[PDB]
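Student: Need coordinates for the below:
(3 chains, ligands or ions: 2)
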Amino acid sequence: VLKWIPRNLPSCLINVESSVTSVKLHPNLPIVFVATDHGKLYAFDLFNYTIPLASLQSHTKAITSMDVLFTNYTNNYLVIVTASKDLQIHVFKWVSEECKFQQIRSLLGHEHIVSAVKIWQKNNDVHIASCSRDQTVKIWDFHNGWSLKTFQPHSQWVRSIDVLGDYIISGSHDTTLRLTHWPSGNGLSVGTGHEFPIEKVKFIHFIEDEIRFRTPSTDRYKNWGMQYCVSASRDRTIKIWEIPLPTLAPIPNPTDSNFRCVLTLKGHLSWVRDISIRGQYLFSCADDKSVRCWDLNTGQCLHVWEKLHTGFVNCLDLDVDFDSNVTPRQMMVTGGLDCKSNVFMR
Amino acid sequence: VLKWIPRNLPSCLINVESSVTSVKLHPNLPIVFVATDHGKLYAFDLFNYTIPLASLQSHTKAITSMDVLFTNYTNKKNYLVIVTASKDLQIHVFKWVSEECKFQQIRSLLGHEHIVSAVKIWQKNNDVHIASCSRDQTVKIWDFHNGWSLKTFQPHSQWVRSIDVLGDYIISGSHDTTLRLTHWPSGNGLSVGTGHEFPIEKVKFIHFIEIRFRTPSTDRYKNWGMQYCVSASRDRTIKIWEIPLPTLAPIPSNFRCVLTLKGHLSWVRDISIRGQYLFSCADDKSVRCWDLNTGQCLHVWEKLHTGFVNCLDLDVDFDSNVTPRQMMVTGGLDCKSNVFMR
Amino acid sequence: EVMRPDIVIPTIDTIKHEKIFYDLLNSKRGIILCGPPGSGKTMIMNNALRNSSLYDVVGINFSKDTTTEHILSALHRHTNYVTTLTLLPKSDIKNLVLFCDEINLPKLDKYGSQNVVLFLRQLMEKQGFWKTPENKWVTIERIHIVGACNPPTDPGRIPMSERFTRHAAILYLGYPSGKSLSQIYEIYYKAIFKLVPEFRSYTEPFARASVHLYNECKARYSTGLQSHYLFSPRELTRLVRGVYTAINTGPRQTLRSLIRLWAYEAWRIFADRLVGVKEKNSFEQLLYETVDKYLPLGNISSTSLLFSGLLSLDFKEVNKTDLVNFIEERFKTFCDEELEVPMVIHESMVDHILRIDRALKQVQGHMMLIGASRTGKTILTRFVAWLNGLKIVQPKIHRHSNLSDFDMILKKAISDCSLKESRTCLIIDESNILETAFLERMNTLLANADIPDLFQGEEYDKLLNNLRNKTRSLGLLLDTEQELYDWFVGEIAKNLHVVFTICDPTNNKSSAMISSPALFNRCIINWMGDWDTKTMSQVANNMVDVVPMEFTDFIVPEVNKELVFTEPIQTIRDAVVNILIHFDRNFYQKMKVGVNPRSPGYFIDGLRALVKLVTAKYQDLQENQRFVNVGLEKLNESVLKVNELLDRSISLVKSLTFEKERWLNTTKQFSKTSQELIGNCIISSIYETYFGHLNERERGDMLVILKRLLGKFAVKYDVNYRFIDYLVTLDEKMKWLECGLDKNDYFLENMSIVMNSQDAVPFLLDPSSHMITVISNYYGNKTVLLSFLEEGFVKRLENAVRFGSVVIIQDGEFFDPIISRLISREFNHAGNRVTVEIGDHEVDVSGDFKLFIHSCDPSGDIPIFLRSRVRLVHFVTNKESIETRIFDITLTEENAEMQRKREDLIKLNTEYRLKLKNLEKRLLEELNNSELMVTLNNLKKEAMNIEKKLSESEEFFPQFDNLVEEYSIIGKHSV
Ligand SMILES: Nc1ncnc2c1ncn2[C@@H]1O[C@H](COP(=O)(O)OP(=O)(O)O)[C@@H](O)[C@H]1O
Ligand SMILES: Nc1ncnc2c1ncn2[C@@H]1O[C@H](COP(=O)(O)OP(=O)(O)O)[C@@H](O)[C@H]1O
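Tutor: Numbers count the residues shown, from 1 in each chain, chains lettered A, B, ... in the order given. Ligands and ions are numbered 1, 2, ... in the order given. See below for the structure:
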């Protein structure tokens, strides 16, 4: 259920109006959400892919990234947020009765184009992260509609973020990584060793099923809850980083304020655009019209999807396996500049 | 999949400025192209039908026919090719730039001596050709790349009202009640067929699917690949013909009527076949659906438009690169279009 | 070990020269090594002094303008001032050798003497010199003066005084024999081919082929053709180094791959500097015959050899289509990220990108791009630097700038390269070198791995402090001065790449830039030149294949093959591209360019103007034809309804007979106007982008040339075509005439040219300075008048850009290069905000900001940057202007009331004509937008009233004709 490898050929070929920028998977129902460089936001069924279910033009500029969340409460719907080049973050609602996108509100506050967003629920409260070209990374409130904290962690503009509870690591254009504790709003460590701007950076969440890079090494790291990070840059390389433990709001250790490259994956022929982790594998896509599959234990590309698109490959994702609220289904969707979307099934 | 039955109620109501004449569907996108009697070409998004995606005053008079084709080049970027036939004695070839959602006029085909009534687009391995027919009793076939004419002949004494192309063979329906199968590269007729008493409206071929009419009889018909066809006129009757095998440059001899359909209350306008099912509208403000095996109507669609119903489009199901979407679009005289999805 | 420059093959001549040089140097005598460039004076010197643990080498490269202070500055970090004065070297065990290279290069004064040569004579004869500040005598103790110079027969070399050469022994070094060179590069090729042991038997044929190619290209391409055709064994060393790099960073090789790799290296080393296409063909045949003779394979043209590592992990030959697609996507990302510029990617652009990338990937790889303006040099350089992870640095050298600004910019760049290890590509245009001191600074920067006089004294000490801090930051174990400065120069050599952009190589300053010794021997010369006609065909087709052009019948003309530059003609688009290319060639030929490079900016601007103008004109024609057809159809339907079936409707129907016949005439003329649309658009674009700086006679001659070219390719055009009747409407003309324009057709044409340049700013050349007040009257009170000669112009311009007012900058011949971002329209977009970088801080463009540049001095100095990137328009007083102004003055002074009545009558008549045209347009719109009968009756009554008013007002024109016929003689005598 975990060591599944996609087949040589995609299960379906979804045609979109223009360059696909981001694709996301619904954690509950078999339906995929496809962004669009024209600014549209599509939603295609996993079995009837000829026609979309709902689509609308909300942004006047190119959508940069998006993600979804299946909310759960101890006291139940899908929330879609969508960044774009319009300096705006539009929040949508997915009603399952008539399968139509319901616009909730538009979130403002950025002085330049917004790149990445992150949404998560913490004790019946949901927060929306954001990072933009104005060098400001922000985490906002969905229910209140207002901002919560704003800070500038990087000297150049930030391109991608990822959250693990209250901790956020934000790669930027200055070829560096930085881990900042959001509630205190201060930097903790730096990641140096890349020579080209970071495309997408994300955490390595722990699993219990052995995988070398998804397990704690010491009891202190297990208590902290994070140890490693993975970052993809324009150096045609995927680097695994190690987070030094701070003084525990956490206080950065002055002699332990720098990262350490645990492993550096190489073999891509162009800029590594997007990365994802499933089990012991690291699914990644790049601009060489190819999709790799790096085994995390050995650091070797076991399967290469050569010429998957006739153009650049932009985004892909899997199901999150570290969360018990989402079943890790064996479905993979991959979009690209070819104005096509490829879904891999079974 | 191929046995989809359309729903009773129309789903999308598209409003335009004038009477809709020709409607064509995007083979890969949920985009509908609408042509009016004012010559304004309309591109309407299906999920936002209140405003068009892009509009263009393509022709200065009424557009008579339309066809689209998505190129598949073995080497070169593929793009959608849109052609329009109007009463301006000219044919315009467009290109849908889906990156920006705009109409890009590539070239125009000139030479017809009266109003063009029909077009047809097909692709070889690396060659795209454009066919046409008009009131000056000729069927002119052009080339998409170069732009000049490649063949010109007069198949009928009367003026051809509709044509269809299947490779190297052209069938022409005219104001005269007869049809004629004409070989393309040699420009010589092969067979004719009469039986109607009214001018012929729309004639198109019938393609084999791996069924009563989509299954070949013998191996000699398998080698040629054509056995039957469909045509209809103002006779309120749709007839299936049998194509005689000519003495194969093929050397030519009559059409055998193997099926007739009755039930339409006025002159029919369009013909479309979807697997085992046949779709056709008329001026009785109704859309009739016919089974291929039994040859009798299954469902009726009454009172869609106050005026006449002009055209239908259904996606081609015999093409590898064209996905058979469960969709169809129809146009009407009341400045209204109907879209049926799923 | 091929990359290491300290590797010398010991031959007989090498060991002989090294031993005699060492024996002369141990005799405490001056040494002057003579010989042609590339002989190996520096080579044998480094080989001799490398094995000795008691001599040190100090390298100074003399330029055209070299002073004693440069020699003193280059020695102050190696020597000490001890009063025992005495200029002892810093080391107590090792002596110091002062290598003075290119001694023949420092120029003579007005009276025929050299300061540096006399200083060196004082150094070796009197063993000291006089120190200028405190007027004291120093004594040189342990410094040996050794020189190296070319024979004086070479151009740029001056004879030397015998009083200086008397104290120095002279050793001559000629070129090695062809057999010796073959042996040397056979040893190098063995060292290279150790990487590929399965082709170990091909080392000698490759070396023989390379040496034969070098000898043949030296015999053919000599100095008599171009001044930069100086070939040397250094070219073969560069070829060997490129072969080693392309082998080491490549895949497993075969025979065809090896031969094509070597041929690509030969193309990039030898034939990159060739100017003429005939020399390129000669080199192509030379490579063919060399490979056939010595290496017993595909096409070996320049475009067919595309070796690059941009697509994979290895340096290998790649296809053109996938490379073009990759470069297109990467340039889309570049335009989104760094700088937005709409330029078209073609094959020559791809090849130039590949060779710039190959140059920049090297260590100490500097490049010198030579070509016409608006060819794509700085954008290509910035794009390649962005692809390689470099940081672009363009010095903001402007007017009222001195040595201190350039020195600070260079010091900041060096500090970033060394302390901050930021890899930097420095773009230096020929306009950033204001004085020869800048060129000398850059020559010293390129020859050595730093500039010595920029770090002297407390600046030198604080540089030592900064470098020591950074060295302890990396944890490197070094304490002495020499190791730290070696680290400094190594970091600068590794992390700095210099790019020179030259637009006019015939210019004297650019000629000195090219002929500089260190710039020539270090930079990789790329003579891009102008655009060959295939490149112009490619870019023209690629930017006109997106417009409606083929909407009419086209009969393919039967013309000569040599007169067609595109593919064989099948469509109107190819005919248009060939017409534009032919007119560009004819225009450059008839403007007497000579051998100067020809800027393709006029071609690109004409193409863009043609694109937008034909799009607008086709849309307008289609809309007008649709309106007139639906109007005629509505009239016919109304007539049929009236016939089938009320007095007001009958009167309205009967009152539209003239409108009906005019509409029928327009529908009839629609086909003729559609046939001639493309030619009219072409001629309009040529007027907009080509004829700005021309008088009436030259414009007429070039129009005749364009018309015969346009009829040659079977393209139709209006026989009575006129620029005023096509691009100038009545609204624009009346606004201009109320603003204060003259009644001249030439001035109206120029006003239409300057008011339709929405892309490039217009340059006004009006000696009378009347257009200043004209454009101030056009925009009212929002106009602001700036000048390049006034202090505080920068802040005023920035404030006007922020507010969005219309700016007219006077004195265009004193161009200030801080606004090069504004002239080139290299804006940056932040969502809905557009920002431009002026000076040092970016400012926001309001979107209503407009820029006009004015200069009242004809035959001024306009830099090739501004000249190429503006729509320069002349404003001269022709014969018609003289006659009109003389007539106006004599009528004002003879009968003022008559002149006032006449001008009021003309203004009233043209205003009524404009009102009638607007009334007709409103009538058509209201007819197509279907109480109404009364409205149309009122419109008809108003039109009849205007017609009657004009009929009454045309009763005074013969009197005006008699007056002008009476005063034509005084007008013609005045002119
Ligand atoms: N063993 C050798 N004998 C002769 N020439 C050699 C030998 N080894 C290298 N060379 C050539 O000598 C060149 C060095 O010349 P260089 O000293 O720069 O000339 P210059 O004295 O004019 O500065 C190298 O490019 C190399 O090709
Ligand atoms: N391949 C191309 N296609 C279209 N335009 C080009 C191309 N190359 C250059 N240009 C024009 O040249 C300008 C930039 O070149 P520029 O920097 O002026 O050259 P230079 O470095 O010689 O001054 C742009 O404004 C662009 O319009």
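Student: hmm, stretch A:238-252 touching chain C?
Tutor: No: using C-beta under 8 Å from any C-beta of the partner chain, stretch A:238-252 stays clear of chain C, coming no nearer than 14.5 Å. For the C-beta atoms, the positions are set from N, CA and C on the backbone; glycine is no exception.
Student: now that stretch: how far from the chain's centre is it?
Tutor: 20 Å (C-alpha atoms, centre = their mean, to the nearest Å).
Student: Next: stretch C:499-513.
Tutor: 12 Å.
Student: can you tell me the distance between the two ends of it?
Tutor: End-to-end distance for stretch C:499-513, by C-alpha to C-alpha, to the nearest Å: 13 Å.
Student: One more: stretch A:170-184?
Tutor: 15 Å.
Student: Any buried residues in that stretch, and which?
Tutor: By 16 or more other C-beta atoms under 10 Å in any protein chain shown, the buried positions in stretch A:170-184 come out as A:170-182.
Student: Walking through chain A, point out its helices one by one.
Tutor: Taking DSSP state H as the criterion, chain A carries its helices at A:219-224.
Student: near ligand 2 at all, the strand or helix carrying residue C:688?
Tutor: Assigned by DSSP states H and E, residue C:688 falls within helix C:677-690. No: judged by C-beta under 6 Å from any ligand atom, helix C:677-690 makes no contact with ligand 2; its nearest approach is 11.9 Å.
Student: What helices and strands are in contact with that helix?
Tutor: Secondary-structure packing of helix C:677-690 (3 or more C-beta pairs under 8 Å, 6 or more residues apart in numbering or on different chains; DSSP states H and E): helix C:572-590, helix C:601-644, helix C:696-712, helix C:723-727, helix C:745-754.
Student: And those: which comes nearest chain B?
Tutor: helix C:601-644 (4.4 Å; C-beta to the nearest C-beta).
Student: and after the closest one, which helix or strand comes next?
Tutor: Downstream of helix C:601-644 (by DSSP H and E), the next one is helix C:647-654.
Student: Run the chain-centre distance for that following helix.
Tutor: The chain centroid and the centroid of helix C:647-654 are separated by 67 Å under C-alpha atoms, centre = their mean.
Student: What residues sit buried inside it?
Tutor: Using 16+ other C-beta under 10 Å as the test for burial, helix C:647-654 gives residue C:652.
Student: Also stretch C:519-538?
Tutor: C:519-531, C:533, C:535-538.
Student: Does residue C:93 touch residue C:56 like I think?
Tutor: No: at 10.2 Å, residue C:93 does not count as touching residue C:56 under the criterion of C-beta atoms under 8 Å.
Student: Give me the more crowded residue out of the two.
Tutor: Set residue C:93 next to residue C:56 and count neighbours by other C-beta atoms under 10 Å in any protein chain shown: residue C:56 wins out with 18 against 7.
Student: looking at this, that one is in a helix?
Tutor: No: secondary structure of residue C:56 (DSSP: H, G, I helix; E, B strand; the rest coil): strand, not part of a helix.
Student: Now do the same contact list for it.
Tutor: By C-beta atoms under 8 Å, 6 or more residues apart in numbering or on different chains, the contact set of residue C:56 is C:49, C:78, C:89, C:91, C:94, C:95, C:96, C:97.
Student: Return the members of these classed as buried.
Tutor: So, by 16+ other C-beta under 10 Å, the buried ones in the contacts of residue C:56 are C:49, C:78, C:89, C:91, C:95, C:96, C:97.
Student: with these in mind, which one is nearest to residue C:968?
Tutor: For the buried ones among the contacts of residue C:56, the residue nearest residue C:968 by C-beta to C-beta is residue C:78; the value is 83.6 Å.
Student: Next one: the closest one relative to chain B, how far apart?
Tutor: 63 Å (C-beta to the nearest C-beta, to the nearest Å).
Student: Can you tell me how far whatever residue of chain A ends up closest to chain C is from residue A:342?
Tutor: Proximity of chain A to chain C (C-beta to the nearest C-beta) peaks at residue A:87, 4.8 Å away. Distance, residue A:87 to residue A:342, by C-beta to C-beta, to the nearest Å: 31 Å.
Student: Mind checking which of those two has more residues around it?
Tutor: Counting neighbours by other C-beta under 10 Å for residue A:87 and for residue A:342 shows that residue A:342 has the greater number, 25 against 22.
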